[PDB]
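To start, the structure itself, in C-alpha cells.
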Amino acid sequence: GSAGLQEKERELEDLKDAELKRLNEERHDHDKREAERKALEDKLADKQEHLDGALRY
Amino acid sequence: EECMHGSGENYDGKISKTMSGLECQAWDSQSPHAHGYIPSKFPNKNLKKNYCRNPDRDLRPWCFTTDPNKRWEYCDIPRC
C-alpha cells in the first residue's frame, strides 16, 4: 500500500481465517467415502462373511 | 528444517515419501490424483516438488500417494 506493509503481511492473517473456516469439511467427506469403499472390497472378497445382508449397517 | 516441532506447518524438508513408503505426487501435478492444492494457489505454504507439507493445518504433514487406491497418506518425518 502506501507504506508497503500490505505486501509484507501478504494477507497471511486473511488466509489463516479461511483455514479454520473450511476446516476440511470437503476432505472430511472424501476420507469417509474411501473408508466404506475400501470396506466394500472386503465384503466382495468374503474372507469371513460375518454380514447377513439383512441390515447392511 | 528436516524435522518438525509441532504439527509440521513450518516443515520445509526434502522428504517426499509417505509413512507407507509411497513416493508423494508432485503438488504441481494432477496425476495420478486430481486436487485443488495448487502451489500457485497457496504460495505461502511452500509447496515445492512433491515434498511432504502441511498446508491444511493437519496433525502431521501429508501428501498424495502414487497409488490410485489411496488418495493421500500422512508422511513419516522425525521430530526435532
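Order determines the names: the first chain of the C-alpha cells is A, the second B, and so forth; residues in each chain are numbered 1 upward, and ligands are numbered 1 upward as they are shown.
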
Which residues of chain B have any atom within 12 Å of an atom in chain A when counting only C-alpha atoms, and what is the closest pair of atoms for each, with the distance in Å to one decimal? Order the rows by chain and rising number and write it as a Markdown table.
```
| residue | atom | partner | partner_atom | distance |
| --- | --- | --- | --- | --- |
| B:35 | CA | A:27 | CA | 10.4 |
| B:36 | CA | A:27 | CA | 10.8 |
| B:37 | CA | A:27 | CA | 11.6 |
| B:41 | CA | A:15 | CA | 11.1 |
| B:42 | CA | A:15 | CA | 9.2 |
| B:43 | CA | A:10 | CA | 10.3 |
| B:44 | CA | A:12 | CA | 7.9 |
| B:45 | CA | A:12 | CA | 10.4 |
| B:54 | CA | A:19 | CA | 11.8 |
| B:55 | CA | A:19 | CA | 9.0 |
| B:56 | CA | A:19 | CA | 6.7 |
| B:57 | CA | A:19 | CA | 7.5 |
| B:58 | CA | A:24 | CA | 9.4 |
| B:68 | CA | A:34 | CA | 11.5 |
| B:69 | CA | A:38 | CA | 8.8 |
| B:70 | CA | A:34 | CA | 8.2 |
| B:71 | CA | A:34 | CA | 8.4 |
| B:72 | CA | A:31 | CA | 9.0 |
| B:73 | CA | A:31 | CA | 10.5 |
```

Picked from chain A by DSSP as helix (DSSP H, G or I), as a VMD selection string: chain A and resid 5 to 9 12 to 22 25 to 45

Produce a file of the selected residues containing C-alpha atoms, as a compact mmCIF listing (two decimals), in the first residue's frame.
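The resulting file, part16.txt, is shown below:
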```
# COMPACT_ATOMS: atom_id res chain seq x y z
CA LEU A 5 3.14 -3.14 4.78
CA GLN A 6 0.37 -4.93 2.89
CA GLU A 7 2.94 -6.51 0.59
CA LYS A 8 4.82 -7.64 3.70
CA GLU A 9 1.80 -9.03 5.54
CA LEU A 12 -1.37 -14.13 5.91
CA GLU A 13 -3.96 -13.44 8.61
CA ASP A 14 -6.68 -13.32 5.96
CA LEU A 15 -5.64 -16.71 4.60
CA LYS A 16 -5.42 -18.18 8.11
CA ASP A 17 -9.03 -17.16 8.79
CA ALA A 18 -10.16 -19.28 5.85
CA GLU A 19 -8.18 -22.27 7.13
CA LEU A 20 -10.37 -22.60 10.22
CA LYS A 21 -13.45 -21.58 8.24
CA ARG A 22 -13.19 -24.51 5.83
CA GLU A 25 -15.28 -30.11 5.55
CA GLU A 26 -14.91 -31.39 2.00
CA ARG A 27 -11.80 -33.51 2.52
CA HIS A 28 -13.53 -34.98 5.60
CA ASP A 29 -16.35 -36.42 3.47
CA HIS A 30 -13.77 -37.62 0.94
CA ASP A 31 -11.89 -39.69 3.52
CA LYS A 32 -15.11 -41.15 4.92
CA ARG A 33 -16.11 -42.05 1.36
CA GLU A 34 -12.93 -44.00 0.66
CA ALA A 35 -13.26 -45.68 4.07
CA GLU A 36 -16.51 -47.50 3.28
CA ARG A 37 -15.34 -48.03 -0.29
CA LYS A 38 -12.32 -49.98 0.96
CA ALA A 39 -14.54 -52.00 3.29
CA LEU A 40 -16.78 -52.85 0.34
CA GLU A 41 -13.79 -54.61 -1.23
CA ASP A 42 -13.50 -56.92 1.79
CA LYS A 43 -17.22 -57.64 1.52
CA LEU A 44 -16.70 -58.62 -2.12
CA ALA A 45 -13.74 -60.79 -1.13
```

Fewer than 6 positions away in the same chain doesn't count, so skip those; otherwise give me all residues within 10 Å of residue B:46, counting only C-alpha atoms, as a ChimeraX atom specification. /B:9-12,39-40,53-55

Could you check how far atom CA of residue B:5 sits from atom CA of residue B:29, in Å to one decimal?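 One can read the atom CA of residue B:5 to atom CA of residue B:29 distance as 28.4 Å.
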
For a test of reading the model, state the distance in Å between atom CA of residue B:4 and atom CA of residue B:31, rounded to one decimal. 27.7 Å
